[PDB]
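Counting neighbours? That spans all protein chains shown, and the Cβs are built from the backbone with ideal geometry, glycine included. Each value in this text was obtained by applying a stated rule to the coordinates, not by laboratory testing.
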């Protein structure tokens with residue numbers, strides 16, 4: 001009842017026991033999952049370091065379907081410390 | 001006659017005496033008009049200083065027609081000293097390439113070598129290029145010196161793996177390199 005209230009809805013038996021064993025850590029894992037998704041699919045170098053300019057990274061999402069990400073550039077920080085990253089996802093231009 | 005032939009073929013009276021009066025300068029104006037268009041339309045600050053990151057410039061062309069230019073960002077120079085500018089011009093993503101005129105000499109970013117490609121030779125260690133010994137289009141034998149580098153006061157000479165042809169040389173004398181940068185491509 002606590003986890004179902006917190007997350008969107010349906011929780012598994014594996015969630016229940018993970019929370020019990022590690023309340024804080026599990027709660028933190030959900031928040032990161034909500035923000036970033038399934039990080040475990042990144043290759044380790046990308047997981048630890050991100051990407052360099054001109055680099056292209058493939059993320060294996062599933063058998064025969066992959067996420068193709070190219071980092072083109074990172075801009076200067078604006079007046080609010082916000083840098084613009086110019087990406088190329090699956091053939092489409094993309095800014096963050 | 002001469003001015004009609006050089007250009008497309010309009011030429012006015014104002015063009016004719018202008019040439020007669022200043023032959024060297026008029027031709028050099030024509031070249032510039034052909035390269036950059038009517039620069040007089042620019043506002044002075046932009047004419048003298050270009051554009052800041054994030055700035056929006058409005059260029060009044062004519063009654064009710066204007067270029068709305070925003071400079072978003074300028075990349076690092078690629079291996080050739082070519083920087084990429086990211087503009088937006090009347091609601092349209094835009095990319096332009098400008099050679100940087102030796103204001104860094106070596107801060108060119110080298111593309112990284114595809115390690116699963118035999119034609120790609122990459123840098124084994126960080127260091128400096130001491131001497132480029134071959135250029136693009138040249139035929140080389142196997143074991144031929146192509147390049148000398150200096151890592152930590154120590155000189156290694158980079159050699160051709162197989163008999164073939166140089167298709168791109170990525171560096172110049174004095175450029176610094178990091179582990180994994182492409183230096184030469186040969187077939």
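Laid out as a table, the results:
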{"quantity": "For the range B:111-187 versus the range B:73-90, the gap between their alpha-carbon centres in whole angstrom", "calculated": "26"}
{"quantity": "Gain upon complete extension [residue B:31, residue B:187; 0.36 nm per residue less C-alpha separation]", "calculated": "52.1 nm"}
{"quantity": "Taking B:183, A:42 and counting other C-beta atoms within 10 Å, the order from fewest to most", "calculated": "A:42, B:183"}
{"quantity": "Cα-Cα pairs of the range B:101-149 separated by more than 18 Å (percent)", "calculated": "46"}
{"quantity": "Space enclosed by the convex hull of the alpha-carbon atoms of the range B:60-187, per residue, Å³", "calculated": "137"}
{"quantity": "Reference-scaled alpha-carbon Rg (2.2 N^0.38 Å with N residues) for the range A:39-86", "calculated": "1.37"}
{"quantity": "Equivalent ellipsoid, the range B:48-122 (semi-axes from 5 times Cα gyration tensor eigenvalues, Å)", "calculated": "34, 15, 9"}
{"quantity": "Cα-based convex hull, the protein assembly as shown, per residue volume (Å³, whole number)", "calculated": "282"}
{"quantity": "Angle in degrees between helix B:23-36 and the longest Cα principal axis of chain B, rounded to the nearest 10", "calculated": "70"}
{"quantity": "Estimated [θ] at 222 nm from DSSP helical runs (n ≥ 4, -39500 (n - 2.57)) normalised by residues in chain A, nearest 500", "calculated": "-10000 deg cm²/dmol"}
{"quantity": "Kirkwood-based shape ratio for the range A:1-47, expressed as Rg/Rh from alpha carbons", "calculated": "1.03"}
{"quantity": "Rg ratio (alpha-carbon, reference 2.2 N^0.38 Å) - the range B:1-130", "calculated": "1.54"}
